[PDB]
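I have placed the structure first, in the form of C-alpha cells, so that the comments after it can refer back to it.
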Amino acid sequence: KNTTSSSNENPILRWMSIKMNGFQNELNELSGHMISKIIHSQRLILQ
Amino acid sequence: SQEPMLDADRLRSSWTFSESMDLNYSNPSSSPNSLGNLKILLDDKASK
Numbered sequence: 332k333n334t335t336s337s338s339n340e341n342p343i344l345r346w347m348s349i350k351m352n353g354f355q356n357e358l359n360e361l362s363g364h365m366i367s368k369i370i371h372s373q374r375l376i377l378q
Numbered sequence: 147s148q149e150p151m152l153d154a155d156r157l158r159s160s161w162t163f164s165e166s167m168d169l170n171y172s173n174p175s176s177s178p179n180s181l182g183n184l185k186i187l188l189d190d191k192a193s194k
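Structure below.
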C-alpha cells in the first residue's frame, strides 16, 4: 500500500525488528558468556 | 610453588584470602594466548 502495515507489521516490526533484537541480542549474550566461559575453559582445563 | 592443601598451620590456614595476596595480574586482562607452556619456568628460578 504501503502500509507496510496495518499497524501489526510496522508495529509488529515492534515485533519483527525487536524479535530480531531478541535474536541478535540472544546471539550477542550467548556469544558473550559462551566466549568468556570457553575462555574460562582453556583457563579451566588447559591452564 | 606447592601450597598444597594444608591445614597446617595455626588458624588452620591463617592466610587463605588470597588474590595472589594482591593481583589478578590483570594484564589488561584481554590476552588469551597461553602459549602451551612450559616447565613451569626453570628460568633460573629453578636455579633460585
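Residue numbers (my numbering), protein chains in the order written: chain A, 332 to 378; chain B, 147 to 194.
By construction, the Cβ of each residue, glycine as well, lies at the ideal position given by its N, Cα and C atoms.
- Within chain B, the residues whose beta carbon sits less than 7 angstroms from that of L377/A are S180, listed in sequence order.
- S180/B and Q373/A do touch by the CB rule: their CB atoms are close to 6 angstroms apart, below 8 angstroms.
- DSSP, read as helix, strand or coil, puts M351/A in helix.
- Scanning chain B for C-beta atoms nearer than 9 angstroms to the C-beta of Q355/A yields nothing, as the closest lies near 24 angstroms away.
- Nearest to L377/A by alpha-carbon distance, out of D190/B, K191/B, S193/B and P178/B, is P178/B.
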